[PDB]
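Asks: opening piece of a complex, kept in its complex position:
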Amino acid sequence: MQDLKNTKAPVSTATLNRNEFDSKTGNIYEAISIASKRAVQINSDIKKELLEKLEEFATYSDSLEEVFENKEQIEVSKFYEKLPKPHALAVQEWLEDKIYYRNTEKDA
C-alpha cells in the first residue's frame, strides 16, 4: 500500500498530455488497459484498508431504524473520500513508471 497521505495524483479530472501517457507503450489504448487493471488492484487494496479502519469503530448498536452519528467513522470516511480515485492513482503510478506489466501470450 502506497502512502495515501502524500499522493500527487489530481483529486479531480485534469487535461493529461497523451504523448507522455502513451510514450512507454506506443499506444494509448494499451496504456488505458494497464492503468485500468492497476486501478482495480488499487481499489481492492483501498477497500481492504478502509474495512480494517472501520472495524475499529464498530459500535455494536442493535437498533437499525435510528440514525447513529459516530464521529470517528465519519472522520475516517471523510479522509478516504477526498483521496484521488483509484484510476487517478493508477494514472499517477503509470506516469511515474511504477507499474509493472507483461503480456503472457507474447512471453510464451
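Replies: Ah, there it is. Numbering: from 1, shown residues only, chains lettered A, B, ... in the order given.

Asks: helices along chain A, start to end?
Replies: Using DSSP state H, the helices of chain A run over residues A:18-21, A:28-56, A:71-81, A:86-95, A:104-107.

Asks: of these, flag the one that's most buried.
Replies: Per residue and on average, the most neighbours among those fall to helix A:86-95, with a mean of 21 (mean count of other Cβ atoms under 10 Å). The C-beta positions use only the backbone N, C-alpha and C, and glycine is treated the same way.

Asks: check which helices and strands it sits against.
Replies: Using 3 or more Cβ pairs under 8 Å, 6 or more residues apart in numbering; DSSP states H and E as the contact criterion, the secondary-structure elements in contact with helix A:86-95 are helix A:18-21, helix A:28-56.

Asks: tell me which of the ones you listed sits nearest to residue A:12.
Replies: helix A:28-56 (15.9 Å; Cβ to Cβ).

Asks: would JSON lines of the helices and strands packed on helix A:86-95 with distance to residue A:9 be doable?
Replies: Converted to JSON lines, these look like this (distance: least, Cβ to Cβ, whole Å):
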{"stretch": "helix A:18-21", "distance to residue A:9": "13"}
{"stretch": "helix A:28-56", "distance to residue A:9": "10"}
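
Asks: closest to residue A:81 out of those?
Replies: When the helices and strands packed on helix A:86-95 are compared for distance to residue A:81 using Cβ to Cβ, the nearest one is helix A:28-56, at 10.1 Å.

Asks: off-centre distance for that closest one?
Replies: Offset of helix A:28-56 from its chain centre (Cα atoms, centre = their mean, to the nearest Å): 4 Å.

Asks: chain B follows; place it on the structure:
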Amino acid sequence: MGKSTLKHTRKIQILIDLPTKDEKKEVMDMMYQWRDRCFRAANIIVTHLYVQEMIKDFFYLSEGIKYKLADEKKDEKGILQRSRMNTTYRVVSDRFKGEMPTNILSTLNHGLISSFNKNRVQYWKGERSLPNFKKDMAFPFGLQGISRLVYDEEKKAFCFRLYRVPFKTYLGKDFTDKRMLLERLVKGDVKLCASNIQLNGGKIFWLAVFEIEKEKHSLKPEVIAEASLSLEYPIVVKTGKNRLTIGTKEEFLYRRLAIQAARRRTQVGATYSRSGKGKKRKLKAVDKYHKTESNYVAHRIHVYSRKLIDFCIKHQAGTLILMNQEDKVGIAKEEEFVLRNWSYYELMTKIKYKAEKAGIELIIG
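Replies: Adding chain B to what we have so far:
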C-alpha cells in the same frame, strides 16, 4: 454504625474422614438420625408455640383476662414458668436429648420463635396454617459448634469437627472461589452465622452463612440505568447510548416449557410402566424431574442478573430503575401463563440483593 455486610450462603461438600466403611456408615446413620430428630423437634416446637396463645384466647373469652406470655415470677398476668424459647427448648430436649446435639435445638428454636411472633398477626385472624416440616430438612447448627478448623496439607483438604466427628472438606477443583474463604476463617478474618447442613443420598453439604461485605466501585448516582423485564426479552437495559439485551425467549421460556413437557411425558408414560411393585417405582421416572426446571431457572436468572449488574457497574450507573414493573406485576397477577412461566419475584430479589451489594440503588415503578 450501619450494617456494612450482606448475608451470604455457600455450599461446601464434606466427606467423613475415617479409614473404614463401617465407621463412616455409623456416622452417616447418626446424622440421618439427627435429621429425623430435628424434624420431629420442629414439629414439637411449632405445636407448643401454637397451643398457649389459644389458651390465652380461652381465658380472654372466659373473663376477658389479659394473660400474656411472660414468666409469672416477673409478671402478674404471666402464665409461663420461664422464658418462652426456654419452654420450647425444654419440651423438646427432655425427649430428644442424648441422641442429637442441643445446639441444633437452640438454632431451630430461635429460627421458629422469631418468625412466629411476626406471624401472630396472621394467626389471630387466621390466614396461615401451622407449618408441617418435611423430613429432608437441612438441619441447622450454630457457630458454637464449629471446632478444630485447620488445613491438613497432607490430605489437601480442610479438616474440622461437626460435634465430635472428623470431616475432610471436598473443594475439589475450587482452588480459588471458596478456597480463600475458609482460610479467611481459620485466621479469624470473616464472620460466620448459624449455618445449616443437607444430605442428599450419600453426599453431605454444608450451607454456611458467611457474612460478606459490599464492593465499592466508581458509580455516579446521576447516571441512571433503565431496566425492563419481559417474557420475550428477560432484561433490556438502557444506559445513555448503551443498549444491552440479556436473555432470549428460547433459552428461558422455551427450555422451561420443554422440561415441563418432558415431565408430563414421563407422567403419562408412567401409568402403564412396571406395575404391582408399588407407586414409588411407578413414579421413579417422575422423581428424576425433582428440581430440574427450578435449577435451570435459577441458573439462568443468576446469569441474567449478573450481566445486568455488570453492565450497570461498567457504565457507572448508580441508580437502576425497573420500568413499569408495577403494571407488569398487575397484569401477570390476572393471568396464568405470565405467572407460571416468568419468574419476576426471583429476578427482582436477585437484582435487589446483587445491587444492594454493589451500591446501586434499585427503584421499582
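
Asks: next secondary structure after the strand or helix carrying residue B:265?
Replies: Counting by DSSP states H and E, the secondary-structure element that holds residue B:265 is helix B:255-269. Sequence-wise, the next helix or strand downstream of helix B:255-269 (DSSP H and E) is helix B:279-282.

Asks: show me what counts as buried in that following helix.
Replies: Of all the residues in helix B:279-282, those buried under the rule 16 or more other Cβ atoms under 10 Å in any protein chain shown are residue B:282.

Asks: one more: stretch B:297-316?
Replies: When neighbours are counted by 16+ other Cβ under 10 Å, the buried residues of stretch B:297-316 are found to be B:297, B:300-301, B:304-305, B:307-309, B:311-313, B:315-316.

Asks: quick one: those as a markdown table, columns for distance to residue B:77 and secondary structure too.
Replies: Rendered in a markdown table, the data for these read as follows (distance: Cβ to Cβ, whole Å; DSSP: H, G, I helix; E, B strand; the rest coil):
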| residue | distance to residue B:77 | secondary structure |
| --- | --- | --- |
| B:297 | 50 | helix |
| B:300 | 55 | helix |
| B:301 | 50 | helix |
| B:304 | 54 | helix |
| B:305 | 50 | helix |
| B:307 | 57 | helix |
| B:308 | 53 | helix |
| B:309 | 52 | helix |
| B:311 | 58 | helix |
| B:312 | 54 | helix |
| B:313 | 55 | helix |
| B:315 | 60 | coil |
| B:316 | 58 | coil |
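
Asks: go ahead and place RNA strand C:
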RNA sequence: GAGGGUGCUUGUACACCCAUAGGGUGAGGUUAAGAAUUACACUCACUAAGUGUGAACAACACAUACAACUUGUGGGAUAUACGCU
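Replies: Same chains as before, plus RNA strand C:
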C-alpha cells in the same frame, strides 16, 4: 438414543463408562380363581456406571472448557398425570 455415575454445587458441552434403568428384582398385606397362577397408581426396599495402584465389592492417588454461585424454612396459590362419578 434419551437419562444417568465419577470430573466441589448449578447450567451448557465435554472426555471414560453404565444405560431394554420409563428395568432386573425381593419381601409384607390384600384380592380372584378348583389349582398352577395372576393382580394392586397398595407398602417398604435392593441392584449399573472414569484410570492406576491395590488379592480384592477395602483404601489411596490422578482425571475437560466457559459462565454463575444467598441460600434455607414455611405459608398462600395454581397447574400437570392418575383414580372415582
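
Asks: sorry, back to before: could you confirm whether the helix holding residue B:265 reaches RNA strand C?
Replies: Yes. Using Cβ under 7 Å from any atom of the strand, helix B:255-269 reaches RNA strand C at B:263-269.

Asks: quick one: name the residues of the stretch 1-150 of chain B near RNA strand C.
Replies: Along the stretch 1-150 of chain B, the residues adjacent to RNA strand C under the rule Cβ under 7 Å from any atom of the strand are B:6-11, B:13, B:19-21, B:127-134, B:136-138.

Asks: mind listing which of these are in helices?
Replies: Using DSSP H, the members of these that fall within helices are residue B:21.

Asks: narrow the residues of the stretch 1-150 of chain B next to RNA strand C to those that are buried.
Replies: The neighbour-count test (16+ other Cβ under 10 Å) marks B:10, B:131, B:133, B:138 as buried among those.

Asks: I'd assumed residue B:45 was in contact with the second one.
Replies: By that I understand residue B:131. No. Counting by Cβ atoms under 8 Å, residue B:131 stays clear of residue B:45, with 9.8 Å between them.

Asks: now residue B:178: closest residue in space, sequence neighbours ignored.
Replies: Spatial nearest neighbour of residue B:178, chain neighbours left out: residue B:10 (5.7 Å); criterion: Cβ to Cβ, 6 or more residues apart in numbering or on different chains.

Asks: before we move on, what about residue B:204?
Replies: Take residue B:204 and drop its neighbours on the chain: the residue closest to it by Cβ to Cβ, 6+ apart is residue B:14, 4.6 Å away.
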